[PDB]
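Here the structure comes first, spelled out in structure tokens, and everything after it is commentary.
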Amino acid sequence: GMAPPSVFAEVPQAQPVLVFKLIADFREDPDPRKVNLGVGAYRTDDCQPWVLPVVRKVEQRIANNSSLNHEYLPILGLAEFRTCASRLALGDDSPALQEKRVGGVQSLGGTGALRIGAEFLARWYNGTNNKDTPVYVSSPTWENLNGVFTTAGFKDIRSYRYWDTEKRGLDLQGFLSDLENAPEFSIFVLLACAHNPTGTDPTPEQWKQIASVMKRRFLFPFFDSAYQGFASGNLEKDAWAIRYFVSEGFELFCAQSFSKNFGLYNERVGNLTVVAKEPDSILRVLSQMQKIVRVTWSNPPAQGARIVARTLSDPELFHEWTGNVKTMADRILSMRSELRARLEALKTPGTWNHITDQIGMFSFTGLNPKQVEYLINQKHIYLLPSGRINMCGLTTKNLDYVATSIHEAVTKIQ
Amino acid sequence: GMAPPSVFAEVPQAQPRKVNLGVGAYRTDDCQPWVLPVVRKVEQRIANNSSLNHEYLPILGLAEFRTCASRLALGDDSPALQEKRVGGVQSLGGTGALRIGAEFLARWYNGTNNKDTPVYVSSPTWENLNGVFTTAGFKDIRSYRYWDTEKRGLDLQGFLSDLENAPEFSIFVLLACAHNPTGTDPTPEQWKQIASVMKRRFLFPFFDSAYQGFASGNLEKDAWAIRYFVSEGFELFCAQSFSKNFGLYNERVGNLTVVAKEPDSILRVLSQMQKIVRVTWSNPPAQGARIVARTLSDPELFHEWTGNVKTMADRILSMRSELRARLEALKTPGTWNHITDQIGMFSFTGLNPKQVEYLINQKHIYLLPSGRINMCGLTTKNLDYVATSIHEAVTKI
């Protein structure tokens, strides 16, 4: 007479996600001095989200246009968006665009672009249905990257040396060694500019050395571009490495997000750019991408892509947008400069060059786990166990307290 | 030889008076798309609300959308809702809900990583269903009898026999109403017979509710089968789309409703769904879900929306009654009760593949080799031409 057990009775509870608990603990913390350096998105000097002025303007124009309908977009997405997105990454004068050997697939953010690209490679790259091609990611890398490629079926995910704990910067020699030892045709996922989570990017000359090994060993570049514009407010200058690989003759993928540089996080706007050697393969590659998309999300949403396409295709809106991006980049540069200056004025042990040598909103500070625990529990400054901070969590009002607390952690803990 | 070979060199090219009856979306009597009045109203309200930001939604989606969507499927006073044993995952349309549900089952249902559980779909069914379940890893996709070509209706005895012969715990994907592509639905009495076998043989119902409201013009009636299975104690999934009943095709608004025996199972299931979503689309878009949540949460807007849905369903009913009457007035061979017995946007005309070619080649009327037409492609202006061209097709080829 007993009720049968649920068909879900043996489904385990998934492991807790650290950063969600961190944000939860931050919000309940009563202390008026508390600071959230674990936030994952842009914030103003008043600790607020920022809807870009150009985005509000385009949203109003869309709302006032009654002729726009809601009929399905093409499987591959809105044509003007795909063209504009690939042109943003590659440059108007890209030889690959001139030679008609570029494809673009609209995707559900950068995540969706990585996922479709991984699914394609696991079916059609380095053989048919080859799940064994090594996929290399940086140590450390974006937190969801391993899961995307594992879910696409890749059985051999590897790391390359990248963050050097002692030097607080790039381990160039370790990275180059790991490239030299990678099996021919291995896939390397390369974060393009503003490395998340460390902030450490190769310089252009270091990128040339990386590219040289990849060219020689036939290693496939899969760029992940989520912060174009955050290094300088100059969208062209910030894409230098992707463009250098194109001009060196590489075929490559580039997963693009518009979540951060348009602030369109919750409209899920991305694009997968494909650069091929010959124009005829783009049609074939895209036909397979269509089949992958069809069984994942069918076709992509319109609102965010419409905003991006309208902005990138109109000179006036494009100029306003580049100014909005520069506002974000400049605030981050300011917080980096101000934090470093204060840490040095307090004569904090260690070197702090990395605070301004790093690029973008995320910084590996070099603080150890015990020091992170001190900052959270004693000073109410919330950050990840890795020592990652978001520079947008710093403000004119909290900078002295944050710098003083870091000085305490460095001198009194460990 | 000259250059390094392309890494894409071996990628295959994937396989591929006038009236258009091949459309798959609602169209007006003037052959135009229709943004629903309630949707325009809510869009203007959203555009006027400057407090809305663009920060990421939760992985599982906007909470009020998930609650309102599951309530639409299950009913506001569903015992499963009052007992707190329902979960909802916002998804990228109905397709995304089906995919997330398939990924979950292929990992956690009927064992761990059991890719061998049979997955049954109707003959015929929605053309993308096989691809969704195959991509999730299922190796054994089967069909159950459904369309009876001779009777032009449901082959109940074949369906029941295929249920009886299905291995215990097999998954059945059940189109909940307004069957795509046949327009043939089980009656409530037939649904009860289907449920009885599934209960006895532990068969898992995976409902697909993409046309709630189009079957009858009434959202409550069209969800009856889902709610009946809930009342019979089933655990189940229901993949919901808002593409058709809100006309929000290109905003990709769906929800996966999960019904379990108890609340703790919902918590564990949702925790695994979060992992699946995170590596597929990260978190879902806001615009379409905000429109649906705003509409369903406001009794005034809900009422207006149900009126908009009934306008669409009534125009379809008009086209069905007209086409059958005009065909029967022309003394067309065969019975044509199925044109009005069928339900939803589509009709399996019962027209053989070689009468299709005539309609396309000789009379410029476009439809699928299966004989499916979208009733939203018929208008007051083309009805007499289509009914005459079908008359000729049947009396001639």
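Residue numbers (the numbering used here), protein chains in the order written: chain A, 1 to 414; chain B, 415 to 811. Each residue gets a CB set at the ideal place from its N, CA and C atoms; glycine is no exception.
Output yes if chain B places a C-beta closer than 9 Å to the C-beta of residue i; else output no.
i	result
A:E59	yes
A:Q358	no
A:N261	no
residue 416 of chain A	For chain A, the structure presents residues 1 to 414; residue 416 of chain A sits outside this window and is missing.
A:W124	yes
A:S247	no
A:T111	yes
A:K277	yes
A:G40	yes
A:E267	yes
A:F188	no
A:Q288	yes
A:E10	yes
A:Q209	no
A:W142	no
A:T128	yes
For chain A, find out if any of its Cβ atoms is closer than 9 Å to the Cβ of residue i; answer yes or no.
i	result
B:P418	yes
B:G545	yes
B:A494	no
B:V452	no
B:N751	no
B:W719	no
B:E469	yes
B:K553	no
B:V500	no
B:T596	no
B:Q701	yes
According to DSSP, simplified to helix, strand and coil, what is residue i?
i	result
A:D314	coil
B:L435	coil
B:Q776	coil
B:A653	strand
A:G104	strand
B:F586	strand
A:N398	coil
A:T273	strand
A:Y160	strand
B:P677	helix
B:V693	coil
A:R268	coil
B:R682	helix
B:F760	strand
A:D92	coil
A:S225	strand
What do you get for residue i, buried or exposed, if any count of 16 or more other CB atoms within 10 angstroms of its CB means buried?
i	result
A:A9	exposed
A:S337	exposed
A:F20	exposed
B:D636	buried
A:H354	buried
A:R27	exposed
B:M416	exposed
B:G508	buried
Is the beta carbon of residue i less than 9 Å from the beta carbon of residue j?
i	j	result
A:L191	A:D224	yes
A:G229	A:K326	yes
A:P140	A:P202	no
B:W719	B:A624	no
A:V189	A:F222	yes
A:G91	A:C193	no
B:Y560	B:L568	yes
B:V449	B:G791	no
A:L399	A:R342	yes
B:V425	B:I779	no
A:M289	A:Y42	no
A:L78	A:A305	yes
request  = Report yes or no: do the segment 128 to 138 of chain A and the segment 175 to 192 of chain A share at least 3 C-beta pairs separated by less than 8 Å?
outcome  = yes
query = Would the segment 241 to 252 of chain A and the segment 17 to 33 of chain A be scored as touching if the rule is three or more Cβ pairs under 8 Å?
reply = no
query = With a cut-off of 8 Å, do at least 3 Cβ pairs link the segment 95 to 107 of chain A to the segment 75 to 85 of chain A?
reply = yes
inquiry  = Does the contact criterion of 3 or more C-beta pairs under 8 Å hold for the segment 794 to 811 of chain B versus the segment 741 to 757 of chain B?
reply    = yes
query = Would the segment 55 to 75 of chain A and the segment 296 to 303 of chain A be scored as touching if the rule is three or more Cβ pairs under 8 Å?
reply = yes
key: Cβ contact check for the segment 453 to 470 of chain B and the segment 252 to 268 of chain A: 3 or more pairs under 8 Å   = yes
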